[PDB]
């Protein structure tokens, strides 16, 4: 009822020449191993169907569009939904969304154990830069290839659980966590592509892991929420991406952690009633919060 097993399916590199068909096989295998370890839900990474294309400057718009989905699911990704419904396991999938009216989003969905899309979220905090910067060995052009999401920070019923979505950079922003905490989220999940080199601030490179885990622990604790972060990790097209995919308790304790830079599955026992230990005491919102003093946070 209130007890489930949450899984994270960390992805090793996806090369530029690796088809969605070859990625779906890798996702199917991880989704199968999570079932066999008793998982009811598995979190997959940000932009989980392709290489991280925002590392390149594009001149050809057909080449750029080829990394986006025009439908969800499409025939190549459909087998992942079919297998999820067969095994009775929900998932969180990140992908690049192209909607033609041409709007571009960094998107994620929640799929329940029936294989039904129960909710969508579009990345609101876009990191990196807008224009090509030649000094960078690799680019991070999310501000060019995506518009900021227009759906807000919703929380959806997924089987037994109140679940909210972040995408990568969102996890560093207390406002993203707090909104979803105020909407009663019991699990906050998403994925990331996080380089271990930041060209403008290389003096925080050795803190990549620290800053990632610090963000997940603080968000979980301050909102008494279970959380899970699914990385795409390792040497991808000669850029190193941070590992340390994780599941976190509402106390902010890390209860599971990846140790490889490859396809790796981790699981943890989730008790949704454990949110109360914070939300009815230390972080009893109605009882403690003084929102008349917080107005500057919501000012445009």
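Numbering follows the first chain given and starts at 1.
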Residue range whose averaged C-alpha B-factor is higher in the record, 64-72 or 50-58: 64-72
The stretch whose C-alpha atoms carry the larger average B-factor in the entry, 190-198 or 76-84, is 76-84
Candidate set 251, 36, 260, 267 [ranked by C-alpha B-factor, highest]: 36
Out of 207, 230, 213, 98, residue topping the C-alpha B-factor column of the entry: 98
Just say lowest, middle or highest third for the CA B-factor of residue 219 relative to the other modelled residues in its chain. lowest
Comparing residue 40 with the other modelled residues of its chain, is its CA B-factor in the lowest, middle or highest third? middle
By the recorded C-alpha temperature factor, relative to the other modelled residues in its chain, which third is residue 255 in? lowest
Among the modelled residues of its chain, does the C-alpha B-factor of residue 143 lie in the lowest, middle or highest third? lowest
Residue 102's Cα B-factor: lowest, middle or highest third of the chain? highest
